[PDB]
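Here's a solo chain for you in structure tokens, the form deposited in one PDB entry.
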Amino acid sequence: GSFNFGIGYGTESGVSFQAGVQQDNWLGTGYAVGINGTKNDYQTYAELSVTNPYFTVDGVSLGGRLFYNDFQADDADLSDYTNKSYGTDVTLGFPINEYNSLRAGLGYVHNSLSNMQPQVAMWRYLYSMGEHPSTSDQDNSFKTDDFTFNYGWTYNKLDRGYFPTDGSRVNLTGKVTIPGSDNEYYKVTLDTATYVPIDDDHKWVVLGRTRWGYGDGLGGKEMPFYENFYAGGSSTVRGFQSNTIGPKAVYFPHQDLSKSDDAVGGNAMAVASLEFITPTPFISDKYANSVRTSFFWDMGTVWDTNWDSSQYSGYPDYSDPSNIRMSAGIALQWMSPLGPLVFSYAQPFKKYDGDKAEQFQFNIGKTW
């Protein structure tokens, strides 16, 4: 067995903490047991893990999960809402070959929404579910019980885990609600990374990232807003404040409407990055295997496919996907004594109404 602690910091996450404990084999069952928890400015999460890598003779794995999650939207630079949830997952893992692995799973989740600040897109979803709370009050509540089928595919032919120089990684996750669930929706996510070395020593590398998300409702319902996609921040479009890209909340009056600069995400998202990895200037070659400099061009968009620009023509068309943000800047990664570290300075040279900027972004990782 083993156990571990983690301290991190991020511009978007603040000071973060992590810990866990795992029994490699639980009393000869053949299934490893684990307890893991993390906390940052906007999230508290804990889970119980129960997995066996050899459920069949030829590699297929079986995994169990039992989790609790608390989420403060305003702390994640979104319009205010609170989501307290818990659930379980059963996941099968199939290694297809050396570079590919598939996984299929069944999931249950209970979502408890509270403290929701009335806004158009959020309430529109609530209307699609049959919920019609006050538009002047922040003391509301909404609860759902959902069952999901979860697909997954991972390609990984990266030459190396730390600081890749060659190869690609692709991760595709989908999920759909099983009938009987309160919600009715599907949701798909795609992440790609491609490293192309342009020199024989592999010090000069071209990196191309893409990140995609699409989800929508079935049966006339919408996808829950707390399943939305986001963009902007240290890990998507640098130089933009975390999650700022895309629609903004159109608030209902308190006790007519108000345009805001508070991001709410959306049910569709596209992000791409072209990054040029070089040797690190102003640092010795002794410290080359532990540092990575790069110059990047980031772009992304987030939109709301169900935004009704007819009913709300006085405000920007948040269903429009073509308002593509862009930034350029320089980044520095360092395997420090304090763990994995990342500086980045970026100027958002193409921004839009409400987009908040954040030139300097910083992250110390807590998991390695």
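Definition used throughout: the rigid core is the maximal C-alpha set that superposes within 1.5 Å between two forms. So that there is no doubt, residue numbering starts at 1 and follows the sequence shown.
Colleague: None, 1 to 3, 4 to 9, or 10 or more: how many residues of the deposited sequence lack coordinates between residue 255 and residue 256?
Modeller: Per the record, 10 or more deposited residues are absent between residue 255 and residue 256.
Colleague: Tell me which of 243 to 251 and 278 to 286 has the higher mean C-alpha B-factor in the deposited entry.
Modeller: Comparing 243 to 251 with 278 to 286, the higher mean C-alpha B-factor belongs to 278 to 286.
Colleague: Once you work out the mean C-alpha B-factor for both 36 to 44 and 312 to 320 from the entry, which is higher?
Modeller: The deposited B-factors put 312 to 320 ahead on the C-alpha mean.
Colleague: Highest Cα B-factor in the PDB entry belongs to which of 115, 154, 128, 273?
Modeller: The record points to 115.
Colleague: For the listed 67, 31, 307, 334, which has the peak Cα B-factor recorded in the PDB entry?
Modeller: Answer for 67, 31, 307, 334: 31, with the highest C-alpha B-factor.
Colleague: What third of its chain, lowest, middle or highest, does the C-alpha temperature factor of residue 361 fall into?
Modeller: Lowest third.
Colleague: Taking the C-alpha B-factors as the PDB entry records them, is residue 236 in the lowest, middle or highest third of its chain?
Modeller: Within its chain, residue 236 is a lowest-third residue by C-alpha B-factor, going by the deposited values.
Colleague: Among the chain's modelled residues, which third holds the C-alpha B-factor of residue 203?
Modeller: As the PDB entry reports it, the C-alpha B-factor of residue 203 lands in the middle third of its chain.
Colleague: By the record's CA B-factor, is residue 139 among the lowest, middle or highest third of residues in the chain?
Modeller: For residue 139, whose C-alpha B-factor we compare with every modelled residue in the chain, the answer is the highest third.
Colleague: Is residue 261 in the lowest, middle or highest third of its chain when residues are ranked by C-alpha B-factor?
Modeller: Within its chain, residue 261 is a highest-third residue by C-alpha B-factor, going by the deposited values.
What comes next is about the form deposited in another entry, which is not displayed.
Colleague: Of 134, 210, 88, 171, which one's CA moves 2 Å or more between this form and the one not shown, core aligned?
Modeller: Flagged residue: 134.
Colleague: Quick one: once the rigid core is lined up, does residue 288 have its C-alpha move by 2 Å or more between this form and the one not shown?
Modeller: Comparing forms between this form and the one not shown, the residue 288 CA shifts at least 2 Å.
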